[PDB]
Protein chains: 2
Amino acid sequence: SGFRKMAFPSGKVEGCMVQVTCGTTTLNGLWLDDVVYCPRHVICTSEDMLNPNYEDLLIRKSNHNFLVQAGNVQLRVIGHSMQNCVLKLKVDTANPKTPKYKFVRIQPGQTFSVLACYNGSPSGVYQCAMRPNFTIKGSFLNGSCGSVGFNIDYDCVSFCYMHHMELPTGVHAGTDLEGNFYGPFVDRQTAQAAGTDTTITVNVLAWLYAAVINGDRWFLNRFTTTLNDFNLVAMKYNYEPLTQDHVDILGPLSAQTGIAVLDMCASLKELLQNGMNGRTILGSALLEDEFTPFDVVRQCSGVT
Amino acid sequence: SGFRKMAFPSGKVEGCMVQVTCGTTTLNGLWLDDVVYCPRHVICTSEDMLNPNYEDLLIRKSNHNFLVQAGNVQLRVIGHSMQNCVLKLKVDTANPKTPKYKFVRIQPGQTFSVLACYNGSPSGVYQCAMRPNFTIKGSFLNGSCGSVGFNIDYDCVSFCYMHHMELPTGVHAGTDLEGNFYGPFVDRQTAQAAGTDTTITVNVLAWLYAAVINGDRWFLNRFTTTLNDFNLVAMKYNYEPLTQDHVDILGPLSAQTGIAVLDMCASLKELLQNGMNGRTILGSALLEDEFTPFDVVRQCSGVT
Ligand SMILES: Cc1ccncc1NC(=O)[C@H](C)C1CCCCC1
Ligand SMILES: Cc1ccncc1NC(=O)[C@H](C)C1CCCCC1
């Protein structure tokens, strides 16, 4: 028992991190097979950053201008291409530490682990959610660009995020591994509106189930609700409307605990309307939304 | 910017995890050089667990009774010995993935990362603090015994914890890597008093500094306090008394932000006396104590 904000073991991803330098800029790259992936803004300088013309900036670069170093060793670049907001540097050596991997585009509300890196070296790992507004609330300083987000299913790493930018509000934006930004963001130093965010309702319910499984049950009440009634409350409190698909995903947790999903919704309604009254749930004094129902099941069953 | 509960990259520790089986019991072991370390209770059965006579139980075991498997490969055990609550199984092969490492006994209030494992396979990584009462609030199910806690300083892994037991209260207990329990705990299935715990004051102050560095400053006030006055408040609220040694450790954060440590203490006093008023600090609705001043500096500077 006990419930923690757990990240995936980062070892398989640590073996893929490299440092990429182009001119004056250094950031992180992801070396999988014979390709190194990194944010395309590695080719910019300070003057370029307001509205870079990436196609033109890249035309001034040759394979030998991209310095790729995997700690002790220098990689030989034999090709370069830009795909959306990422550069793909073909190298002459396949990464001997390439794990089984996939590139996936995650949905908002899904979670993943980030391995924060500086100069191609890993500094730490943390779990986070892709906000409904397509931002992430990470921990990234200048130089962390190119750090990646991922999930692991047995021996397969699904890479879902590459870090590109910090918005002026201090929230983070990035792309899938094909270089497509999550959200409306563009890789330029401009103020950019992140949409209105919402709380991930299905994740809060999943975390309430993890709380009951682990002994925190003070919030369970004698009430029930309907999806319609609950969604009026979700509306008032900027929570995502709950759907039958969300109820269906919560099925295993509802079955294991014997607490009907709409009964848990009535606990959540009361917590939204009355607050925690100075109490905590799983060490938190707020309603946590960074655990998906899959995360709760995985953690509560000890999946490796 | 942004501040997260970050764990160390777990790769160097993943390469050391093995599965140890003795009879009917399977748990995790730590393979460093030619020795595998695991909790001594791997030699117990269900009948033994109320008050095992470990010396007698171990005498019924031979090297060939300890089955050690590092995924695809079986290790040959050529020696066994019990040191405090750990067993040390000498194997004929040095772990080729042995990182530079140290065994350290951490102080209460210090933090570390745990790589939770089942059957020698890593499931996840999380950061936690050793409570002032020598327990940890982890996430461990049956089979996670032998999972370890550690810190990393550049290329050196300092192992500080091995998981042994879940107390009847759902909190966790374990040993240093010489098998000495942190706290009063004994490896037997009995109800055991964990002392009165307290909040790690120096860590809360460090986290208030991380909050100011990252833009959350609403809690700063026009007041100051003294160590004496602050400690009367710390007393009332079950916080550790602050000492000049704690003020000294906060020096770098005080210098970087320009907020005198006693001025931050006066912010903390007001938060203790008035609560958060429904507001948050770094995404938390409570005063966080799982970040040491060293953690804050490391995270806010991007150390690898
Ligand atoms: C500073 C920082 C901190 C954390 N994460 C990222 C960054 N870097 C930036 O967001 C650049 C300013 C941006 C990058 C995209 C192109 C325009 C320039
Ligand atoms: C169940 C569980 C969950 C999480 N962590 C550990 C455990 N296992 C135990 O604490 C045993 C009961 C204990 C181990 C010490 C010797 C007496 C028996």
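Residues numbered from 1 in each chain as written, not as in the entry; some residues may be left out. Chains lettered and ligands numbered in written order. Heavy atoms only, no water.

Named according to the PDB entry, chain A is 3C-like proteinase originating from Severe acute respiratory syndrome coronavirus 2. Readers searching the PDB will find this entry under the title "Group deposition SARS-CoV-2 main protease in complex with inhibitors from the COVID Moonshot -- Crystal Structure of SARS-CoV-2 main protease in complex with TRY-UNI-714a760b-16 (Mpro-x11044)".

## With respect to the overall build of chain A
Spelled out, the test is: Think of it this way: any DSSP run of H or I at least four residues long counts as a helix, any run of E at least two long counts as a strand, and we number them from the N terminus. The globule rule used here is 2.2 Å times the number of residues to the 0.38 power, and the radius of gyration it is set against is calculated over C-alpha atoms. Relative accessible area decides the class of each residue, using a 1.4 Å probe on protein chains only: under 20% of the type maximum gives buried, over 50% gives exposed, and in between gives partly exposed. Here a residue-residue contact requires only that any non-hydrogen atoms of the pair lie within 4.5 Å.
The number of helices and strands found in chain A is eight helices and 13 strands. Relative to the globule expectation of 19 Å for 304 residues, the C-alpha radius of gyration of chain A, 21 Å, shows essentially globular dimensions. Taken along the three principal axes of its C-alpha coordinates, chain A extends 70 × 40 × 30 Å. Residue burial in chain A is summarised as follows: out of 304 residues, 55% are buried. Restricting to contacts in chain A with at least 6 residues of sequence separation, those with at least 24 account for 64%.

## Observations regarding the domain arrangement of chain A
Residues and elements named next belong to chain A. This is how the line gets drawn: The domain limits used here are those given by an automatic or database domain assignment. Buried area is calculated as the accessible area (1.4 Å probe) missing from two parts once they are joined, with the contributions of both summed. The working definition used for a salt bridge is a side-chain nitrogen of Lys or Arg within 4 Å of a carboxyl oxygen of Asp or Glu. Identification of polar contacts relies on pairs of N or O atoms within 3.5 Å, with a donor-acceptor requirement for protein atoms, meaning one able to donate a hydrogen and the other able to accept it, and with residues adjacent in sequence counted only if both atoms are side-chain atoms. Residues are grouped as follows: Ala, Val, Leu, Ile, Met, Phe, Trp, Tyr, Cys and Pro are nonpolar; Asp, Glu, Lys and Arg are charged; every other residue, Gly included, is polar.
Here the domain parsing of chain A yields domain 1 (1–14 + 100–197), domain 2 (15–99) and domain 3 (198–301). Of the roughly 2,400 Å² buried between domain 1 and domain 2, counting both surfaces, carbon and sulfur atoms make up 55%. Between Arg40 and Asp187 there is a salt bridge, with the nearest N and O atoms lying 2.7 Å from each other. In this structure, the connection of domain 1 to domain 2 is made through 20 residue pairs in polar contact. Going through the elements one at a time, α1 (11–14), β8 (100–103), β9 (111–118) and β12 (156–166) are the ones with two or more residues in the side of domain 1 that touches domain 2. For the side of domain 1 that touches domain 2, the element with the most residues is β12, which contributes five residues. The residue makeup of the side of domain 1 that touches domain 2, split by class, is 13 nonpolar, 15 polar and seven charged.

## Quick word on the sheet that holds strand β5 (residues 73–75) of chain A
Residues and elements named next belong to chain A. The condition that has to hold: Any two strands between which DSSP finds at least two bridges are classified as paired. Axis lines are fitted to C-alpha atoms, over the contacting stretch for helices. Their N-to-C directions set the angle, which ranges from 0 to 180 degrees.
What the seven strands build is an open sheet, ordered β5-β4-β1-β2-β3-β7-β6; its pairing is antiparallel. Each of the sheet's edge strands pairs with one partner strand only, and the pair in question is β5 and β6 (77–83). Within the sheet, the average angular offset between the axes of one strand and its neighbour, ignoring direction, is 30 degrees. Of the pairings in the sheet, the one linking strand β2 (residues 25–32) to strand β3 (residues 35–39) comprises three bridges and is antiparallel in character. From the neighbouring strand, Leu30 faces β3, where its bridge partner is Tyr37.

## Describing the interface of chain A and chain B
Between chain A and chain B, the residue contacts involve 43 residues of the former and 43 residues of the latter. A combined buried area of about 3,000 Å² lies between chain A and chain B, and 53% of that area is made up of carbon and sulfur atoms. One can count two salt bridges joining chain A with chain B. Here chain A is connected to chain B by 23 residue pairs in polar contact. Among the elements of the structure, α1, β9, β10 (121–129) and α8 (293–301) of chain A are those that each provide at least two residues to the side of chain A that touches chain B. Among the elements that line the side of chain A that touches chain B, the one with the most residues is β10 of chain A, at eight residues. For the side of chain A that touches chain B, the class distribution of residues is 17 nonpolar, 19 polar and seven charged.

## Looking at the sheet that holds strand β7 (residues 86–91) of chain B
Residue and element names in this part refer to chain B. If you trace the seven strands from one edge of the open sheet to the other, you get β5-β4-β1-β2-β3-β7-β6, paired in antiparallel fashion. Strand pairing shows two members of the sheet lacking a second neighbour, β5 (73–75) and β6 (77–83), which therefore form its edges. Across the sheet, the mean angle separating the axes of adjacent strands is 30 degrees when strand polarity is ignored. Looking at chain direction, strand β1 (residues 17–22) and strand β4 (residues 66–70) are connected through four bridges and run antiparallel. Each residue of the ladder has a partner; that of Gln19, found in β4, is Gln69.

## Let's talk about the environment of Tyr54 of chain B
All names here are of chain B. Counting through the fold element by element, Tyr54 comes out in helix α2 (residues 54–59). On the basis of relative accessible area, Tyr54 is assigned to the buried category, the value being 5%. Residues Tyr54 and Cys156, 102 residues apart in the sequence, show an inter-C-alpha distance of 33 Å. Contact partners of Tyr54, with chain neighbours within four places excluded, come to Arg40, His41, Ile43, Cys44, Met82 and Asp187. There is a polar contact of 2.7 Å between the side chain of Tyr54 and the backbone oxygen of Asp187.

## Examining the nonpolar core
Note the threshold: The definition of a nonpolar core used throughout is a set of buried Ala, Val, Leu, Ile, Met, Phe, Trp, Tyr and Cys residues joined through side-chain atoms within 4.5 Å.
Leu30 and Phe159 of chain A together with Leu30 and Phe159 of chain B are the most contacted members of the largest nonpolar core, which has 40 residues in total. Residues contacting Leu30 of chain A, with those up to four places away along its chain left out, are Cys16, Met17, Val18, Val35, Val36, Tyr37, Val148, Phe159, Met162 and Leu177 of chain A.

## Let's talk about the site of ligand 1
Residues and elements named next belong to chain A. We count it as follows: A single heavy atom is enough: if one lies within 4 Å of a molecule or strand, its residue is considered near that molecule or strand. All accessible areas in this document rest on Shrake-Rupley with a 1.4 Å probe, and a residue is counted as covered only by the protein chains that are shown.
The local shell around ligand 1 holds 13 residues, among which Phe140, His163, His164, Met165 and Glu166 are the closest. Between ligand 1 and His163, the relevant distance is 2.9 Å, taken from a nitrogen atom to a side-chain nitrogen or oxygen of the residue. When ligand 1 sits alone it has 440 Å² of accessible area, and the protein chains cover 86% of it. Of the residues assigned to the shell around ligand 1, the class counts are five nonpolar, five polar and three charged.

## Some words on the relation of the copies chain A and chain B
The condition that has to hold: Least squares on the C-alpha atoms is how the copies get superposed.
Rotating chain A by 180 degrees and moving it 0.0 Å along the rotation axis overlays it on chain B with an RMSD of 0.0 Å. Both chain copies can therefore be described as sitting about a two-fold axis. Using C-alpha coordinates, one finds that chain A approaches the rotation axis most closely at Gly11 of chain A, a distance of 1.8 Å. Of the interface residues in chain A, 100% have counterparts in chain B that sit at the interface too, so the contact is made through matching surfaces.

## Examining the packing of aromatic side chains
The geometry of an aromatic ring pair is captured by two quantities: the separation of the ring centres and the angle between the planes. Keep this limit in mind: For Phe, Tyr and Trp, where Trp contributes only its six-membered ring, two rings pair if their centres lie within 6.5 Å, and the inter-plane angle classes them as stacked under 30 degrees, edge-to-face over 60, or tilted in between. The rule is short: NZ of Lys or CZ of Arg within 6 Å of the ring centre and within 35 degrees of the ring normal puts a charge over the ring.
Summed over the entire model, instances satisfying the criterion amount to 16 aromatic pairs over all chains. Taken together, a centroid distance of 6.2 Å and an interplanar angle of 65 degrees make the contact between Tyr126 of chain B and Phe140 of chain B edge-to-face. Residue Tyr126 of chain B is located in strand β10 (residues 121–129), and its partner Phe140 of chain B is located in the loop between β10 and β11 (148–153); the two are separated by 14 residues in the primary sequence. Exposure class is identical for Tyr126 of chain B and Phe140 of chain B. Each is buried. Ring pairing ties together the aromatic residues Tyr37, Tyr101, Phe103 and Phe159 of chain A, which thus form one cluster. Its end group placed over the ring of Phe294 of chain A, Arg298 of chain A keeps NZ or CZ at 4.1 Å from the ring centre.

## As for the state of the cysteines
Residue and element names in this part refer to chain B. To keep it simple, the criterion reads: We call a pair of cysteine sulfur atoms a disulfide whenever their separation is within 2.5 Å.
Tallying each qualifying case throughout the model produces zero disulfides over all chains. This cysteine, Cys44, is not joined by any disulfide, and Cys22 carries the nearest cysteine sulfur, 9.4 Å off. Free of any disulfide, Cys128 has its nearest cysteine sulfur in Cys160, 8.2 Å distant. A residue is classified by how much of its surface remains accessible, and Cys128, at 0% relative accessible area, is buried.

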